[PDB]
Amino acid sequence: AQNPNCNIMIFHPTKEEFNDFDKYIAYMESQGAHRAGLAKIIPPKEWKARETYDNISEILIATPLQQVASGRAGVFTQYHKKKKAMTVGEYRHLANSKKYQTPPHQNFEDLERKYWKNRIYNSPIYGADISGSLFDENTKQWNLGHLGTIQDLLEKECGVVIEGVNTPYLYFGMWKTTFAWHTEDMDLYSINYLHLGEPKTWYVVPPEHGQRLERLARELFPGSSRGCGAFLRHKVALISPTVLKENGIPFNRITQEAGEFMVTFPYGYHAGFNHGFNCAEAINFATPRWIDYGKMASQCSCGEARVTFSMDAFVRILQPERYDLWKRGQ
Ligand SMILES: [NH3+]NC(=O)CCc1nn[nH]n1
Ligand SMILES: [Cl-]
Ligand code: NA
Ligand code: NI
Ligand SMILES: [Zn+2]
């Protein structure tokens, strides 16, 4: 078996290899990449997402989110306080202000150390889940707005025709902006392109070990676990690498830089943080291998994890027994 230690693999496709998206995902899996739960893909030198980022400042962040932490440095939750709208230009200025800018640091490891030491003591502001795309329409390879849809995948594999769409999201981050531990809706894949700016550090648990992370999370967040048997899909809980190591949880870490893609695989728990101002684009997708995962995916029915109406069909078809309960939750 390939990649038995579940290491994060890094791929360097040639321009020819970059033509057929599906084929390359399948290739990465043939090499065991999925075992890690996350892979990095560095595009060929001839590729670009768009010509420049000079003209993005007028994008609106309709509901910036202030990420207010509670707990202890290595075990905390975050809640998202809504703020007044602002443009990307305004957000960038805020990120670079003395209150929010990245501190002086020696390297990525020193910054990681500062993050886990001090994150709770600050409340960075996050632009999240903004429908849109920054890929040029003429970019034919790895254009996250032009992928095959999950609905079409489900139709091709299972013969059922369903409603719903599948479009990308933009994320605008600053120092200490945090994404909590989670797997995707219905344990889908995700793909993530860092368009512009400072790095984004990722942590990931191998899919074969995701239940170990869940068990730890129930111990560390006991009231949340009593409230919902799938509370990680609320996307609020953070656990540091130090705490994961103390508890024997298998995981890996890697830093993504501008111009790089990250793929998360079905049931690969991930979390991470931004180093400074940046802009990313992401979308969920499926392959034939996902179907099994979608059938088995846990669900939040407590009401906290509201999601896209696209999800309805996925639950309805893949998990008919669970559908009426999940729907009440929505
Ligand atoms: N699936 N992709 C993710 O969970 C990353 C979400 C994110 N990327 N930048 N800010 N938030
Ligand atoms: Cl700091
Ligand atoms: Na490892
Ligand atoms: Ni995710
Ligand atoms: Zn819930």
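Residues numbered from 1 in each chain as written, not as in the entry; some residues may be left out. Chains lettered and ligands numbered in written order. Heavy atoms only, no water.

Method of determination for the deposited model, per the PDB record: X-ray crystallography, at 1.18 Å resolution.

This entry carries the title "Crystal structure of KDM4D with tetrazolhydrazide compound 2". UniProt, in the comment section headed Subcellular location, describes the chain in these words: "Nucleus". Database annotation for the chain, UniProt heading Sequence similarities: "Belongs to the JHDM3 histone demethylase family." (UniProt positions renumbered as here; feature names shortened; annotations may be inferred.)

What follows concerns unusual backbone geometry. Its identity is not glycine, yet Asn3 carries a phi of approximately 55°, on the positive side. Relative to the helices and strands, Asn3 resides in the segment before β1 (9–11). Note on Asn3: relative accessible area 10%, which makes it buried. For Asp129, which is not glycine, the phi dihedral falls at a positive 55°. Mapped onto the elements, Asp129 comes out in strand β7 (residues 125–131). (Helix = DSSP H or I, 4+ residues; strand = E, 2+ residues; numbered from the N terminus. Buried < 20%, exposed > 50% of the residue type's maximum accessible area, 1.4 Å probe, protein only.)

Closest axis-to-axis distance for the helix α9 (residues 310–318)/helix α10 (residues 320–329) pair is 6 Å, and the angle between their directions is 140°. Considered as vectors, α9 and α10 are oriented oblique to each other. Note on element contacts: α10 touches α9 through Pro320, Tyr323, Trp326 and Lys327, opposite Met311, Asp312, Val315, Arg316, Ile317 and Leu318. (Axes fitted to C-alpha atoms, helices over the stretch in contact; angles between N-to-C directions. Parallel < 35°, antiparallel > 145°, perpendicular 65-115°, else oblique. Contact = heavy atoms within 4.5 Å.)

So, about the environment of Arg306. Mapped onto the elements of the fold, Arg306 is located in the loop between α8 (290–296) and α9. Under the relative-accessibility criterion, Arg306 is labelled exposed at 70%. A C-alpha to C-alpha distance of 5.8 Å links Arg306 and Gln330, two positions 24 residues apart in sequence.

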